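Residue numbers (the entry's author numbering), protein chains in the order written: chain D, 687 to 697; chain C, 687 to 696; chain B, 305 to 461, 467 to 548; chain A, 304 to 461, 472 to 548.
C-beta: ideal position from N, C-alpha, C; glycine also.
Presented below is the structure to which this report refers.
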Ligand SMILES: O=S(=O)(Oc1ccccc1)c1ccc(-c2ccc(O)cc2)c(-c2ccc(O)cc2)c1
Ligand SMILES: O=S(=O)(Oc1ccccc1)c1ccc(-c2ccc(O)cc2)c(-c2ccc(O)cc2)c1
């Protein structure tokens, strides 16, 4: 849900 | 003045 | 895990190759300074640095072995420490000034434009001057920055095997720092001393971040300086 | 020239060990159930008394007396909560899951929830104590770490003297690790592990200082003049 969690998750 | 000053010199 | 099999030299080259670039500011020399403008430039800058930091962290050996939830927590705790040590690093060759960007070079007289920001400016300066006296090397800096990433949030997380893997990688980085100092000709007594001197500085970087973090609370509540969506999320993770 | 630098490693250890302050007691009322006011009452009274012992311990730290009075005031102001915390963590080692504030005051995390924000720092303190336990931190190592905190935490808010003493203590720490049989790689690894915990102790003090300032603002318990002056110069 967080932006940080999103950016880390991008591949 | 600070209490700490008094305590260090004692 | 790959990080544990890496040699010291491979660790260094991996860390160097993963260095983020030095971004530019929106600073206009003709435009005059206001507390809102300077903090807006810094907030705009740090918000862009965070994106590179996030992708740089993925490149730190052992970081991808961690669960995603632990990756969030480590970065949430360490992001300002990492921004600050990068700032201090690129400011070494500029005595008495902080190089926020190649086009944004500030002295402590201009840092007083923000209330209470002068005290942290002097600490960053003292840290930067300290790196100068130590002749800190780029290979040591990238080790220190990676240590911060893994160490600053490890004691604030029943599978405790995540911390043992982090301590193994931390120990590998310590081995790397020593390997670097041994190549520079330092004696064993000089190696341990320098190793201690470097890690003690991290204590001051933690202090600067904590102080800086609570100053960012006030500006948030003050609302004079808008904060980006990413920085607001990184902010309230501490408060 | 300072006498601390001419000391040998063993002389350094003995001097630090001999200067260890005593473990003080809390008030002897058996009311183990606690409120926010009675919790902070016992702690501020305990910490006030520990402070008096810390200041005399500091004067015995090799190299500390060679500093000016102003420099001594600055280091103690910057480091006092850190030093209290590492003392607490140290004596809480043999009590996993609890914090031994005094022999007659042993608290668990459920009791930390009596005060707003105490439980967060409580858990960090427990985590640090367990970390010391797993490392098998020795008392000779502990007294070195504590003196490091005293001389390091305020050194950059001011010069080569303190840094020469800091190197001396590093030499002493390695000397201790070499006696215990650690190899060269184990020596510098353990040194790094010990010093990295100092970053977290600094973190716990910063967050702890913020909350003592709010308790001042909340006037939950009357604070001493000495504690108020230590709280100042941190704001
Ligand atoms: O809390 S400070 O101490 O306050 C100031 C302000 C001006 C001058 C000196 C201090 C400080 C210091 C440094 C930064 C910063 C900004 C960018 C960066 O790459 C590294 C540090 C930042 C920072 C970090 C993130 C932001 O969104 C905005 C500012 C804050
Ligand atoms: O910041 S804490 O986490 O607890 C809170 C939380 C919220 C609001 C107020 C206080 C904390 C933890 C430990 C201590 C302490 C006291 C004595 C000692 O020997 C070691 C630590 C102390 C401490 C230190 C000094 C005092 O005068 C009173 C208490 C405080």
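Mind checking whether the beta-carbon of residue 435/B lies closer than 8 Å to any heavy atom of ligand 1?
Residue mapping note: residue 435/B aligns to position 131 of the third chain, counting from 1. Flag unset: Cβ of residue 435/B not near ligand 1.
Can you give the beta carbon distance from residue 481/B to residue 315/B, rounded, assuming they're within the 8 Å contact cut?
As a position in the third chain, residue 481/B is number 172, starting the count at 1. As a position in the third chain, residue 315/B is number 11, starting the count at 1. The distance from the Cβ of residue 481/B to that of residue 315/B is about 7 Å, consistent with a contact at the 8 Å cut-off.
Using only CA atoms, which one of 350/A, 472/A, 388/A lies nearest to residue 514/A?
Here residue 514/A corresponds to residue number 201 of the fourth chain, with the count starting at 1. Nearest to residue 514/A by alpha-carbon distance, out of 350/A, 472/A, 388/A, is 388/A.
So the beta strand (DSSP E) residue 404/A belongs to, where does it begin and stop?
Reading the fourth chain from its first residue, position 101 is the one you call residue 404/A. DSSP places residue 404/A inside the beta strand (DSSP E), whose first and last residues are 401-405.
Span separating the alpha-carbon of residue 430/A from that of residue 472/B
Residue numbering aside, residue 430/A sits at position 127 when the fourth chain is read from its first letter. Residue numbering aside, residue 472/B sits at position 163 when the third chain is read from its first letter. In this structure, the straight-line span from the alpha carbon of residue 430/A to that of residue 472/B is close to 12 Å.
Between residue 373/B and chain A, is the shortest Cβ-Cβ distance under 9 Å, so that the two count as touching?
Position 69 of the third chain holds residue 373/B. It does not: the Cβ of residue 373/B has no partner Cβ on chain A nearer than 9 Å.
Would you call the region 324-338 of chain B and the region 505-513 of chain B in contact, with 3 or more CB pairs under 8 Å?
These segments do not touch.
Going along the region 526-544 of chain A in order, which residues come within less than 7 Å of chain C, judged by CB to CB distance?
Hits within the stretch, in order: 538, 539, 542.
Could you give the C-beta distance for residue 326/B and residue 406/B, rounded to a whole number, given that I count them as a contact under 8 Å?
Against the third chain, residue 326/B aligns to sequence position 22. Against the third chain, residue 406/B aligns to sequence position 102. Distance from residue 326/B to residue 406/B at the Cβ level is roughly 6 Å; contact confirmed, criterion being Cβ atoms closer than 8 Å.
At a threshold of 8 Å, does residue 464/A count as lining ligand 2 (C-beta to nearest heavy atom)?
There are no coordinates for residue 464/A in this structure, because the numbering of chain A runs from 461 directly to 472.
Quick one: Cα of residue 547/B to Cα of residue 380/B, how far?
Numbered from 1 along the third chain, position 238 holds the residue referred to as residue 547/B. Numbered from 1 along the third chain, position 76 holds the residue referred to as residue 380/B. Residue 547/B and residue 380/B have their C-alpha atoms some 8 Å from each other.
Residue 426/A and residue 460/B: beta carbons closer than 9 Å?
By 1-based counting over the fourth chain, the position of residue 426/A is 123. By 1-based counting over the third chain, the position of residue 460/B is 156. Their beta carbons are under 9 Å apart, which means residue 426/A touches residue 460/B by this criterion.
Could you round the C-beta distance between residue 542/A and residue 694/C to whole angstroms and report it? I think they count as a contact, below 8 Å.
Residue numbering aside, residue 542/A sits at position 229 when the fourth chain is read from its first letter. Residue numbering aside, residue 694/C sits at position 8 when the second chain is read from its first letter. Not confirmed; about 13 Å, so no contact.
In terms of residues, what are the limits of the alpha helix (DSSP H) holding residue 655/D?
Missing from the structure shown is residue 655/D; chain D here goes from 687 to 697 and no further.
Interfacial residues, the region 347-362 of chain B to chain D, with Cβ spacing under 9 Å
Listed by position, the residues of the region 347-362 of chain B near chain D (Cβ gap below 9 Å) are 354, 355, 358, 359, 361, 362.
Using a threshold of 8 Å, is the CB atom of residue 537/B nearer than that to any non-hydrogen atom of ligand 1?
For the purposes of this step, residue 537/B is taken as the residue at position 228 of the third chain. Flag set: Cβ of residue 537/B near ligand 1.
Buried or exposed (CB count within 10 angstroms, at least 16 for buried), residue 494/A:
As a position in the fourth chain, residue 494/A is number 181, starting the count at 1. That one is exposed.
Can residue 307/A and residue 366/A be called in contact, C-beta distance under 9 Å?
The count along the fourth chain starts at 1 and reaches residue 307/A at position 4. The count along the fourth chain starts at 1 and reaches residue 366/A at position 63. Contact flag set, yes.
Taking only beta-carbon positions, decide if residue 380/A is within less than 9 Å of chain C.
If you number the fourth chain from 1, residue 380/A lands on position 77. At a cut-off of 9 Å between beta carbons, residue 380/A contacts chain C.
Give me the chain B residues within the contact set of residue 432/A, using Cβ-Cβ distance strictly less than 9 Å, ordered along the chain.
For the purposes of this step, residue 432/A is identified with residue 129 of the fourth chain, where counting begins at 1. Neighbours of residue 432/A across chain B, judged by C-beta separation under 9 Å, do not exist; the nearest C-beta is about 11 Å away.
At a cut-off of 8 Å, is residue 505/A close to ligand 2 when judged by its beta-carbon and the heavy atoms of the ligand?
Residue mapping note: residue 505/A aligns to position 192 of the fourth chain, counting from 1. If you check the C-beta of residue 505/A against ligand 2, you find no heavy atom less than 8 Å away.
Buried or exposed for residue 516/B, please, with buried defined as at least 16 other CB atoms from any protein chain shown within 10 angstroms of its CB.
For the purposes of this step, residue 516/B is identified with residue 207 of the third chain, where counting begins at 1. So residue 516/B ends up on the buried side.
Hey, is residue 376/A's beta-carbon within less than 9 Å of any beta-carbon in chain C?
Position 73 of the fourth chain, counting from 1, holds the residue named residue 376/A. Chain C, which has a Cβ nearer than 9 Å to the Cβ of residue 376/A, makes this yes.
Short of 6 Å in beta carbon distance, which residues of its chain neighbour residue 456/B, apart from the five on each side in sequence? Order them along the chain.
The residue you call residue 456/B lines up with position 152 of the third chain. Once the five neighbours on either side are set aside, the close Cβ partners of residue 456/B are 381, 382, 385.
Going by Cα to Cα distance, which pick from 523/B, 510/B, 395/B, 375/B is closest to residue 475/B?
Numbered from 1 along the third chain, position 166 holds the residue referred to as residue 475/B. Considering only alpha carbons, the answer is 375/B.
Residue 426/B (DSSP reduced to helix, strand or coil)
On the third chain, position 122 is the one that residue 426/B refers to. Residue 426/B falls in the helix class under three-state DSSP.
For ligand 2, is there a heavy atom less than 8 Å away from the beta-carbon of residue 419/A?
One-based indexing of the fourth chain puts residue 419/A at position 116. Checking every heavy atom of ligand 2 against the Cβ of residue 419/A, one is found closer than 8 Å.
Using a Cβ-Cβ cut-off of 9 Å, state whether residue 461/A counts as contacting chain B.
Translated into positions along the fourth chain, residue 461/A becomes position 158. Taking Cβ atoms only, chain B reaches closer than 9 Å to residue 461/A, which makes this a yes.
Residue 441/A: buried (16+ other C-beta within 10 angstroms of its C-beta) or exposed?
Residue mapping note: residue 441/A aligns to position 138 of the fourth chain, counting from 1. Around the CB of residue 441/A, fewer than 16 other CB atoms lie within 10 Å, so the residue is classed as exposed.
Would you say residue 511/B and residue 424/B are within 9 Å of each other, going by their C-beta atoms?
By one-based count along the third chain, residue 511/B stands at place 202. By one-based count along the third chain, residue 424/B stands at place 120. Result no, Cβ atoms of residue 511/B and residue 424/B do not sit closer than 9 Å.
Given a cut-off of 9 Å, decide if residue 408/A and residue 354/A are closer than it, judged by their beta-carbon atoms.
The residue labelled residue 354/A in the question sits at position 51 within the fourth chain. The residue labelled residue 408/A in the question sits at position 105 within the fourth chain. Contact: no.
Does at least one heavy atom of ligand 1 sit under 8 Å from the Cβ of residue 461/B?
The residue labelled residue 461/B in the question sits at position 157 within the third chain. Checking the Cβ of residue 461/B against ligand 1 gives no.
Span of the beta strand (DSSP E) around residue 411/B:
Position 107 of the third chain, counting from 1, holds the residue named residue 411/B. Looking at the DSSP string, the run of the beta strand (DSSP E) that includes residue 411/B is 408-411.
Verify whether the separation of the beta carbon atoms of residue 318/B and residue 533/B is less than 9 Å.
Position 14 of the third chain, counting from 1, holds the residue named residue 318/B. Position 224 of the third chain, counting from 1, holds the residue named residue 533/B. In this structure, residue 533/B does not lie closer than 9 Å to residue 318/B by Cβ.
Assigned secondary structure, residue 322/A (DSSP; H/G/I helix, E/B strand, else coil)
One-based indexing of the fourth chain puts residue 322/A at position 19. Looking at residue 322/A - three-state DSSP - the assignment turns out to be coil, as it is neither helix nor strand.
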